[PDB]
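Chains as they are written, first to last, in the authors' numbering: chain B1, 33 to 284, 547 to 569, 606 to 636, 787 to 1014; chain Sf, 23 to 52; chain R1, 7 to 361; chain SY, 43 to 145.
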Amino acid sequence: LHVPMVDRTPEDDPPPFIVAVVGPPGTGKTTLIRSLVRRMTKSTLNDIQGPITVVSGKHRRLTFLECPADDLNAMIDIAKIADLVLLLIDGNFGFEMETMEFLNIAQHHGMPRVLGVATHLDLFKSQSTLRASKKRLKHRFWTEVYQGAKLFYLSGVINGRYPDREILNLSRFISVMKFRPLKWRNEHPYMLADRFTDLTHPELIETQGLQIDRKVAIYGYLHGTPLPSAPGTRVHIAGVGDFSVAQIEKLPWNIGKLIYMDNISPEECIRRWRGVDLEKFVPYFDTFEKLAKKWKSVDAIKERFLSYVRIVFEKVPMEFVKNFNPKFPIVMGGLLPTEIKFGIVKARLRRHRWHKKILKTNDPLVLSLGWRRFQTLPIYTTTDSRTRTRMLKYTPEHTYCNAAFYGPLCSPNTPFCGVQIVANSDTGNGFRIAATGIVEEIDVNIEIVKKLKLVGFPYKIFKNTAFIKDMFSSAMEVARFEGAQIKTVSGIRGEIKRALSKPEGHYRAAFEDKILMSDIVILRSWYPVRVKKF
Amino acid sequence: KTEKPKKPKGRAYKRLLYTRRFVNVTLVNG
Amino acid sequence: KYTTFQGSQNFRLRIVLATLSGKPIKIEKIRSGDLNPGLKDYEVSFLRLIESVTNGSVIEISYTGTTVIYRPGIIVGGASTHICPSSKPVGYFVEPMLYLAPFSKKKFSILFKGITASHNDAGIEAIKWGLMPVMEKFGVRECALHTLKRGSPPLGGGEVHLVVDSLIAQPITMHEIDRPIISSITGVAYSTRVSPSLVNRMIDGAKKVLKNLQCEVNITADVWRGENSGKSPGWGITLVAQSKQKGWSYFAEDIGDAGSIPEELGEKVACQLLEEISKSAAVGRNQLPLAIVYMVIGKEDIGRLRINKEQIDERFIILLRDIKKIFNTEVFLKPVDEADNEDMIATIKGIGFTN
Amino acid sequence: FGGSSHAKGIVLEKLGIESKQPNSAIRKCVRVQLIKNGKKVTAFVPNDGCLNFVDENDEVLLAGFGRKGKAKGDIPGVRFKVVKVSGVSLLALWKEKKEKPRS
RNA sequence: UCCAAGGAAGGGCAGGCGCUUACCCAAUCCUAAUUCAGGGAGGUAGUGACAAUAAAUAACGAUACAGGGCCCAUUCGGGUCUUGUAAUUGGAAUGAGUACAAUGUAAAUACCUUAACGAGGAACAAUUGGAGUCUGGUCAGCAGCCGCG
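Put into structure tokens, the structure is as follows:
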């Protein structure tokens, strides 16, 4: 309620509005971008320099973003910072099991206002049967995924595309309908980059090499809670790593000054301002003659009763210069205290809809936590009695685990999205969604328990005079556990008496009934194995 | 969602029921 | 490790604010020129207490003791029991742990053994009456100090059970811009191993001074006799001025030693109390770091505390300098529109989750 | 209720209600403050668990039980049941037919 | 409202949300510099569970194995035996939909027709329910012996 309140007030025309065009690579996304900006600037500009600052008057300026459908990272990176989803669809999607999983990412990380745009349904359809298919898509999406969004249908008029009233309906929905607040986004300072300049402190043998990072001046506008408040704060560069900032630039008789002037002694602050340690809690007073004679009369207390940024970096290293490219959009985050730390985190999970596998504990998983993408081994555990007595081997449809792993710690219990990684040529989406959940709590130094099983198969048993035919081969083992308490999966406990110098399985023990002849007589509580760190 | 019902739809369900009813009826009256 | 400090000045405060900040610190050159260099006993033992109430923290101590490295961990705590040494009383240890009290995942239930009185640190009823309703003003619902036994100097023998129940994530923002009207004056006069009359003589020492005012003065006689009175005899007295509309307070305490006079003790605590009334706007100098620290670590908003010109001493200036060194949060004072007093208003941007 | 059929509210905390069948498996209850009235009303969630889905501190839609008051059985005096968190209708999240929003 | 700072100019209007609007004068009539053409006259497409309308998801044959099959009294027990499991297996019959043509003809869109295709269950993918003394899994809490949820 106050997290939406901090966002809207400084936001005005030079802070843009975030709009992404997301869709398949084959369709004319770029054509829709050109005809969309054809309405804004006068009638003829059909050249793409994206991302670029779109000056849409003094009322609302915007900035537009597209990303290719094969990039696994920035498809995630665009999803959490958006304020409008504009999806372009074909006449060939809807049960395509490998091309439309990003819908779940926008479902989980925060859904803004969404849009369906139908364009290739004219070159493919020629008859009255397109009307039932469009309404069929209205049965699927987006009317079922959110009640309160409009599915648009546009003509296929690829390059040569209209300026007329249909993008006045599109710019009607863009121009009028605004954004719903995203909770955990607006508690962080976060900024999209607009311009990007490389300052190298000109040519020297300490300017280029194998290890040289230079002063990058980056340029953009602010979003969320204010980042310029102090120099030398922290930041995250997506895909590259977490860094600090060196120097940030911003382009949109008094005791209160003398206290912060640290070349002045505090007795000179008191001395200039008019006219010893907190290890003594009780404050200073004068002598009893002075306070007594001074406070003989008590009259003196008788009323006392009834925008734009120019950000400087000393980063990043030389190998990212060789990964320079046209600006496939890059976003800056801001890390908080109790999240710069590392720790073991406990998080609730479940299995994901339109996913077709199972998850062992040894296959590492790619996790998106806030602004950070990290590969971590997801060791699962369950309780069965409001206390843990086992772990599991792979998270089923049967039960839904309590997952634990080690990485960056995240106190405010954020929602938690887990992608199984594929290559750039496996499905058609850069990831495929493995599981989703929520950070439940933070807990360092916890220890999982897996109860193994020493095996003894019964054959002929009575209560007091009890042997096991086949359970052991060493006598000194039983000599050590003679002070212990044994079991059976049926639930009538035993207590071993004495090894009796027979290391053949046969030895005398105790049960508080006679264990039955279709039972399994065992022993419990085995070694509490460690956590894989990565 | 369950894959449990396989049972027919519409008219074919009413035919089978009628046959079963007749069989049940033959016993008790006879 | 990199945030560097000097000497034993503000040792507990920099450990506590280092813990809440999550920033590692390094306090060096503690008592390098003194006869017994390095840390004292109570400083080492207090660092053991911080090692107890936390997890993941690492404290490194130099072999000469002059250099201390502090990396904090998460705040856990729980139920335990600490022994206090004879060099400092229990209130020296109850004093910093109130800051970390709501910010744990488990309730602070730690029993304390040690001396229960001194002339420099905090007493029992000072913490119970002067700190705990004031942290209840900042949004703590349930907090309690349970004295099992008292201990007079030099031997002590006191047990106080510290339990904090309510767990918040940040303090609520406070706006105290006006000087309150004090309702009544109460207080506690306790004693161990001695007469039931010298308590009444201390309360005579209060009634000689606080008789001229127009508020009621109602002071409780508290005599402990038996094993509850510890090993050593003694007597102490504590006064609290309370305002029942918003529930504000002020306090002053002192104990009497061997050969001292109970009536002059009562007049001394009374005159220091009225002196603390005159030096104040909203809280006392004894209540000042609690309010300043609680307004710093609140949620991200502007808060205001009316302070007086007498309350700004060197302790307050070094306090805000240490806040700038730890959290880098800055407070700004505006002169009030009144001309009767000379107060000014503290403006605080709360930290929230700012890095 | 105030006479109407439903009331929309906010989770404060998660309690513990257990069972005897099939064995001791936890059936739970949740604590919801009313938005419109401020009275604090408990509720029950009829399913296999589903405490996992909802959260602390989120938006629910309470609903009546249908007996003119009159709690069902050995759950003690609980009169109301939960239908919709975040507008997406728990039963649809129960099968798999929806995925829950961000909050 | 604009300003080159001289001066020049429109009448505060509709429309929409809050409860995406196109084509044509072929007919009727009117006008015509009028047997030419025009008409913000006129005519033709977009919009759909509060409702509601018809009926498709299969029809007919064949054989070898096999019977403690069904009903009434929850009972104690009694009356009536015409039964199903196997692709054993075979030919039929069709339109949901795919598509030229013509009619329609504001130029014209849809509608009335249509050769060409098109099934043995993965089919060409109905459901929301409801019970059920049913089957399974390591849980108060423990002995002199046997268990309970």
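Ideal placement from N, C-alpha and C gives every residue a C-beta, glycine not left out.
> By Cβ distance, which residues of its chain are closer than 7 Å to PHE49 (chain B1), with the 5 residues on each side in sequence left out?
Replying inline: Here the question's residue 49 (chain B1) lines up with position 17 in the first sequence. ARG92, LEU94, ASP115, listed in sequence order.
>> I'd like to confirm the pairing. Which residues does DSSP put opposite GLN75 (chain SY) in its beta bridges?
In response: Against the fourth sequence, residue 75 (chain SY) aligns to sequence position 33. DSSP lists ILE52 (chain SY), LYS82 (chain SY) as partners of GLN75 (chain SY).
> Listing by chain order, which chain SY residues have their CB less than 8 Å from the CB of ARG830 (chain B1)?
Replying inline: Translated into positions along the first sequence, residue 830 (chain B1) becomes position 350. Per Cβ cutoff of 8 Å: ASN94.
> Does DSSP put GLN855 (chain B1) in a helix, a strand or coil?
Replying inline: If you number the first sequence from 1, residue 855 (chain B1) lands on position 375. Of the three classes helix, strand and coil, the one that applies to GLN855 (chain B1) here is strand, per DSSP.
>> Looking only at its chain, what residues have a beta carbon closer than 7 Å to the beta carbon of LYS112 (chain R1), apart from the 5 residues adjacent to it on each side?
In response: In the third sequence, residue 112 (chain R1) corresponds to position 106, counting from 1. Excluding residues within five positions, the ones whose Cβ falls inside 7 Å are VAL82, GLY83, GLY84.
> Relative to the alpha-carbon of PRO95 (chain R1), which residue among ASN61 (chain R1), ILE65 (chain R1), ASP40 (chain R1), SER158 (chain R1) has its alpha-carbon at the smallest distance?
Replying inline: Counting from 1 along the third sequence, the entry for residue 95 (chain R1) is found at position 89. The shortest Cα separation from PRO95 (chain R1) among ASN61 (chain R1), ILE65 (chain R1), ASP40 (chain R1), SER158 (chain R1) belongs to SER158 (chain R1).
> For a contact meaning CB atoms closer than 7 Å, what does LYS274 (chain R1) contact in chain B1?
Replying inline: Along the third sequence, read from residue 1 onward, the residue named residue 274 (chain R1) stands at position 268. By Cβ distance, chain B1 contributes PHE618.
>> If I measure Cβ to Cβ from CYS149 (chain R1) and keep anything under 6 Å in the same chain, skipping five residues before and after, which residues do I get?
In response: Numbered from 1 along the third sequence, position 143 holds the residue referred to as residue 149 (chain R1). Contacts found: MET138, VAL170.
> Taking only beta-carbon atoms, is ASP607 (chain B1) less than 8 Å away from chain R1?
Replying inline: In the first sequence, counting from the first residue as 1, residue 607 (chain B1) sits at position 277. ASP607 (chain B1) counts as touching chain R1.
> Within 8 Å (strictly less), CB to CB, does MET143 (chain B1) reach chain SY?
Replying inline: Taking the first sequence and counting its residues from 1, the one referred to as residue 143 (chain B1) is at position 111. With 8 Å as the cut-off, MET143 (chain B1) counts as an interface residue toward chain SY.
> Considering only C-alpha positions, which residue in the set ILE901 (chain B1), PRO47 (chain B1), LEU872 (chain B1), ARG978 (chain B1) is nearest to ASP102 (chain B1)?
Replying inline: Taking the first sequence and counting its residues from 1, the one referred to as residue 102 (chain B1) is at position 70. The shortest Cα separation from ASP102 (chain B1) among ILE901 (chain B1), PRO47 (chain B1), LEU872 (chain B1), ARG978 (chain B1) belongs to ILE901 (chain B1).
>> Quick test of the definition: if touching needs 3 or more C-beta pairs under 8 Å, does the region 208-216 of chain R1 touch the region 131-145 of chain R1?
In response: no
>> Is the beta carbon of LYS247 (chain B1) closer than 8 Å to that of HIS233 (chain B1)?
In response: The residue labelled residue 233 (chain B1) in the question sits at position 201 within the first sequence. The residue labelled residue 247 (chain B1) in the question sits at position 215 within the first sequence. Against a cut-off of 8 Å, the Cβ pair of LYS247 (chain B1) and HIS233 (chain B1) comes out as a contact.
> What did DSSP end up calling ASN347 (chain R1) once you bin it into helix, strand or coil?
Replying inline: Position 341 of the third sequence, counted from the first residue, corresponds to residue 347 (chain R1). Reduced to three states, the DSSP call for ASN347 (chain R1) is coil.
> Touching or not, the region 45-54 of chain SY and the region 92-102 of chain SY, by the rule of three or more beta carbon pairs under 8 Å?
Replying inline: yes
>> Which residues does DSSP list as the beta-bridge partners of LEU103 (chain SY)?
In response: Sequence index remark: in the fourth sequence, residue 103 (chain SY) carries index 61 (1-based). According to DSSP, which records beta bridges pairwise, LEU103 (chain SY) is partnered with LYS50 (chain SY), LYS126 (chain SY).
> Near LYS305 (chain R1), which residues of its chain fall below 7 Å by C-beta distance, leaving aside the five closest residues on each side in sequence?
Replying inline: On the third sequence, position 299 is the one that residue 305 (chain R1) refers to. Answer for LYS305 (chain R1): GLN176, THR179, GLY356, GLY358, listed in chain order.
> Could you give the C-beta distance for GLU130 (chain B1) and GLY908 (chain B1), rounded to a whole number, given that I count them as a contact under 8 Å?
Replying inline: Position 98 of the first sequence, counted from the first residue, corresponds to residue 130 (chain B1). Position 428 of the first sequence, counted from the first residue, corresponds to residue 908 (chain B1). Indeed, because the Cβ distance is near 4 Å, the residues count as touching under 8 Å.
>> Quick check on the DSSP output: what are the complete beta strand (DSSP E) runs of length 3 or more inside the region 101-148 of chain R1, in order along the chain?
In response: You should have 114-120.
> For chain SY, is any of its Cβ atoms less than 8 Å away from the one on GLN139 (chain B1)?
Replying inline: Walking along the first sequence from the start, residue 139 (chain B1) turns up at place 107. Among the residues facing chain SY, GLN139 (chain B1) is included, as its CB has a counterpart in that chain under 8 Å away.
>> So, under 8 Å CB-CB, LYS285 (chain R1) and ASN314 (chain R1) are touching, yes? Tell me the CB distance rounded to an integer number of Å.
In response: To locate residue 285 (chain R1), count along the third sequence from 1; it is residue 279. To locate residue 314 (chain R1), count along the third sequence from 1; it is residue 308. Their Cβ separation, rounded to whole angstroms, is 6 Å, which keeps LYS285 (chain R1) and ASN314 (chain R1) in contact under 8 Å.
> Could you give the residue range of the beta strand (DSSP E) that holds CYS277 (chain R1)?
Replying inline: Position 271 of the third sequence holds residue 277 (chain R1). No beta strand (DSSP E) contains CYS277 (chain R1), which is instead part of the alpha helix (DSSP H) from 268-284.
> Which chain SY residues sit within Cβ distance under 8 Å of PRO892 (chain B1)?
Replying inline: For the purposes of this step, residue 892 (chain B1) is taken as the residue at position 412 of the first sequence. When 8 Å is used as the limit between beta carbons, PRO892 (chain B1) is near no residue of chain SY, the shortest such separation being about 11 Å.
> Which value, in whole angstroms, describes the spacing of the CA atoms of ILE631 (chain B1) and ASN292 (chain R1)?
Replying inline: Along the first sequence, one-based indexing puts residue 631 (chain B1) at 301. Along the third sequence, one-based indexing puts residue 292 (chain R1) at 286. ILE631 (chain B1) and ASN292 (chain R1): Cα-Cα distance of roughly 19 Å.
>> Using a Cβ distance threshold of 8 Å, determine whether the region 173-182 of chain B1 contacts the region 614-626 of chain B1, with at least three qualifying pairs required.
In response: Inter-segment contact for the region 173-182 of chain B1 and the region 614-626 of chain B1 is absent: fewer than three beta-carbon pairs are separated by less than 8 Å.
> CB-CB under 6 Å to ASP274 (chain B1), same chain, minus the five flanking residues each way: which ones, in chain order?
Replying inline: Numbered from 1 along the first sequence, position 242 holds the residue referred to as residue 274 (chain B1). Excluding residues within five positions, the ones whose Cβ falls inside 6 Å are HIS268.
> What separation, rounded to the nearest whole angstrom, lies between the Cα atoms of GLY910 (chain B1) and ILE549 (chain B1)?
Replying inline: Along the first sequence, read from residue 1 onward, the residue named residue 910 (chain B1) stands at position 430. Along the first sequence, read from residue 1 onward, the residue named residue 549 (chain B1) stands at position 255. Their Cα atoms are separated by approximately 59 Å.
> For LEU294 (chain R1), which residues of its own chain have a beta-carbon under 7 Å away from its beta-carbon, when the five flanking residues on both sides are left out?
Replying inline: For the purposes of this step, residue 294 (chain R1) is taken as residue 288 along the third sequence, with counting starting at 1. Contacts found: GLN317, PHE322.
> So which residues of chain SY does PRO895 (chain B1) contact, with C-beta pairs closer than 7 Å?
Replying inline: Here residue 895 (chain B1) refers to the residue found at position 415 when the first sequence is read from its first residue. Within 7 Å Cβ-Cβ: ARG144.
>> Suppose the cutoff is 6 Å on Cβ atoms and the five residues either side in sequence are ignored; what does the same chain contact list for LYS237 (chain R1) look like?
In response: Indexing the third sequence from 1 puts residue 237 (chain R1) at position 231. The answer, listed in chain order, is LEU161, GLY163.
>> Just to confirm the assignment: which complete alpha helix (DSSP H) runs, minimum length 4, are found wholly within the region 183-241 of chain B1?
In response: 198-208
> Are the C-beta of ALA622 (chain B1) and some C-beta of chain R1 separated by less than 8 Å?
Replying inline: Numbered from 1 along the first sequence, position 292 holds the residue referred to as residue 622 (chain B1). Look at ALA622 (chain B1): its C-beta is under 8 Å from a C-beta on chain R1.
> Does the distance from the C-beta atom of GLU222 (chain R1) to that of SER190 (chain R1) stay below 8 Å?
Replying inline: Residue numbering aside, residue 222 (chain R1) sits at position 216 when the third sequence is read from its first letter. Residue numbering aside, residue 190 (chain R1) sits at position 184 when the third sequence is read from its first letter. Cβ distance < 8 Å, so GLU222 (chain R1) and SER190 (chain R1) count as in contact.
> Does the Cβ of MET107 (chain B1) have 16 or more other Cβ atoms within 10 Å, making it buried, or fewer, making it exposed?
Replying inline: Here residue 107 (chain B1) is taken as the residue at index 75 of the first sequence, counted from 1. Per the 10 Å Cβ criterion, buried.
> Does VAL628 (chain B1) have its Cβ less than 8 Å from a Cβ in chain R1?
Replying inline: On the first sequence, residue 628 (chain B1) is found 298 positions in, with the first residue counted as 1. Answer yes: the Cβ-Cβ gap between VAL628 (chain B1) and chain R1 drops below 8 Å somewhere.
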